[PDB]
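What follows is a single chain, given as structure tokens, in the form deposited in one PDB entry.
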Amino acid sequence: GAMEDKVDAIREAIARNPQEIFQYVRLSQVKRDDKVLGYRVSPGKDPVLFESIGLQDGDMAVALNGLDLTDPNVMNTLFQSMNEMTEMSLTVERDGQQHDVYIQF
């Protein structure tokens, strides 16, 4: 009950300031031969949000709100655009299997 309420209070703050999502969901580039495969996703300031979205440790994001995360320049665009979005749809590869996960702010 209290974790759900805490997750709702984080979401509300993200809704008001979407870049705050990056305090909770950390992305770190994965490369193979100098090509970016995507971003390893890990929990940030309070892991409850990362957990609530359906993310697990070791997941690699390959698409985010329709942005192809193999594009070496796309992070520029992601950050420029985040404050304009009201959800995050993520496609992650998890032990070699893709999953779509979702949070509406």
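C-alpha atoms forming the largest set that superposes within 1.5 Å between two forms make up the rigid core. When you see a residue number, it is the position in the sequence shown, counting from 1.
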item: Between the two ranges 31-39 and 54-62, the one averaging a larger CA B factor in the entry; value: 31-39
item: Mean Cα B-factor comparison, 45-53 or 67-75, giving the higher one as deposited; value: 45-53
item: From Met85, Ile10, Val92, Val25, residue of greatest CA B-factor; value: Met85
item: Position of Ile103 among the chain's modelled residues by C-alpha B-factor, lowest, middle or highest third; value: middle
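Form deposited in another entry: not shown, discussed below.
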property	result
Residue showing a 2 Å-or-more C-alpha displacement between this form and the one not shown once the rigid core is overlaid, selected from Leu27, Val30, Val62, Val74	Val74
